[PDB]
Amino acid sequence: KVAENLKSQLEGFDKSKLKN
Amino acid sequence: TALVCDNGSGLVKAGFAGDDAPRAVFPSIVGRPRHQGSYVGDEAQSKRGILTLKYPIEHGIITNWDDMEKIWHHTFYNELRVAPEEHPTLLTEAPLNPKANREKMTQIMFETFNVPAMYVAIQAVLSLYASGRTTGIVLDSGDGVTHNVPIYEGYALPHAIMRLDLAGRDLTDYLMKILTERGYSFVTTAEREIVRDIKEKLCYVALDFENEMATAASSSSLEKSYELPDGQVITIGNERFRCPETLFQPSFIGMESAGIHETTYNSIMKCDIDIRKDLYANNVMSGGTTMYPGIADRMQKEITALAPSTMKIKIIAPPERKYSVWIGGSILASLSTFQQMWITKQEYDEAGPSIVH
Ligand SMILES: Nc1ncnc2c1ncn2[C@@H]1O[C@H](COP(=O)(O)OP(=O)(O)O)[C@@H](O)[C@H]1O
Ligand SMILES: [Mg+2]
């Protein structure tokens with residue numbers, strides 16, 4: 001069971017922000 | 001900047017965390033000679049005529065460590081051009097990777113490549129993350145292996161994992177065989193890479209195999225032509241869908257296994273009855289061999305026929321599927337909340353390979 005803040009960061013991540 | 005290395009059964013995808021795509025992708029092949037008394041990746045596929053090719057990760061699990069050490073060396077030095085000593089490195093592993101195996105990867109990363117920190121994550125879990133989920137069931141179909149991986153709150157459920165030793169490379173061999181039977185010849189390297197390209201460009205999954213066979217039998221509408229660089233034109237119609245049909249009917253290549261729709265369903269039924277509704281609504285496809293047009297629709301249809309009549313079923317096939325494992329690693333390794341999850345060489349030197357678990 002993954003830590004809550006990690007889940008939140010994963011589930012809410014904005015795939016922009018990823019460098020081209 | 002952390003590194004992300006997805007140790008694919010067929011292709012290594014490697015690159016830097018926080019990037020939207022791997023920088024390097026090359027075959028996970030080591031080649032050697034022999035006929036009258038070692039190379040990696042492309043230059044092993046390239047001039048291979050003097051080479052016997054080996055997959056050290058043939059079905060997703062690393063089986064030859066010397067060859068894997070060569071791959072990783074190629075990766076760091078030759079492809080990425082980085083000093084491993086300078087970068088935290090996230091590695092991917094297959095579902096159901098044995099403990100000693102994950103211990104071995106860990107030791108190699110520290111004692112051979114002297115990484116300052118590392119982590120190992122399950123490929124399917126990374127793909128699920130990449131789609132913004134921590135619960136779901138992944139169908140990961142790559143080059144040498146396919147898995148169904150149900151995942152609950154970020155944890156793959158090991159007892160419910162299914163494995164089918166059939167994926168992209170087998171579909172390539174199958175198309176080659178049926179083209180050879182029709183009289184075409186593919187002896188070299190590209191051919192047989194041309195056959196792989198034919199597969200990728202022209203193959204698709206039928207919504208209903210028998211109906212598509214009838215259509216191909218009664219009209220020319222599904223016929224497509226591919227020009228070879230010597231003048232030969234190969235034309236195919238029903239082979240376009242018969243080839244990936246093998247995923248749903250492994251008997252096409254003489255395998256006795258249930259197909260990927262049945263393994264998806266069986267995987268769900270191994271899981272706690274209380275989470276199945278969440279798995280059914282979150283089927284995520286990943287891997288190159290899920291790139292076939294129509295495969296999500298067909299899976300929607302097959303899973304609907306197997307599941308309770310009321311069940312809400314959704315298949316999610318992200319446009320970036322082919323690299324979603326790598327991308328999930330890129331996200332994971334860049335997250336602020338992940339930064340204390342790295343295994344440091346100090347943590348390693350103090351506890352040994354057993355820290356990864
Ligand atoms: N558009 C496509 N259609 C069908 N198959 C594809 C496509 N793109 C790639 N593939 C296949 O995917 C396989 C590699 O996928 P990948 O997920 O990288 O494998 P792995 O991680 O096992 O190395 C190869 O067999 C390749 O032919
Ligand atoms: Mg893979």
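Just follow the structure's listing: the first ligand is 1, and inside any ligand the first atom is 1. Throughout, a chain's letter reflects where its sequence line sits, starting with A, and its residues are numbered from 1. Side chains included, hydrogens not; waters and symmetry mates left out as well; all remaining heavy atoms used.
Close approach of ligand 1 to B:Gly142 is summarised as follows: ligand atoms under 4.0 Å from at least one heavy atom of the residue are 13 (C), 15 (O), 16 (P), 17 (O), 19 (O), 22 (O).
The aromatic rings of B:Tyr174 and B:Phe252 lie tilted to each other, with the angle between the two planes from 30° to 60°.
Ligand 1 has an N or O atom lying under 3.5 Å from an N or O atom of B:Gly288, backbone or side chain. Any N or O atom pair closer than 3.5 Å counts here, and B:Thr172 shares no such pair with ligand 1. At under 3.5 Å, a nitrogen or oxygen of B:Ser9, whether backbone or side chain, sits near a nitrogen or oxygen of ligand 1. Considering backbone and side-chain atoms alike, B:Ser141 places every N or O at 3.5 Å or more from each N or O of ligand 1.
Residue contact check for ligand 1: B:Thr289 places a non-hydrogen atom closer than 4.0 Å to it. Contact analysis puts B:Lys13 in contact with ligand 1, with a non-hydrogen atom separation below 4.0 angstrom.
Looking at B:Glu245 and B:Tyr292, their side chains never bring a donor and an acceptor atom within 3.5 Å of each other. With 3.5 Å as the limit, one finds a donor-acceptor pair spanning the side chains of B:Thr134 and A:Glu11.
Atom 1 (N) of ligand 1 has as its closest protein heavy atom B:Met291 CB, 3.4 Å. Among protein heavy atoms, atom 8 (N) of ligand 1 sits closest to B:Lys322 NZ, 3.1 Å.
Geometric assessment of B:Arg298 against the ring of B:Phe209 yields a negative cation-pi assignment under the 6.0 Å and 45° thresholds.
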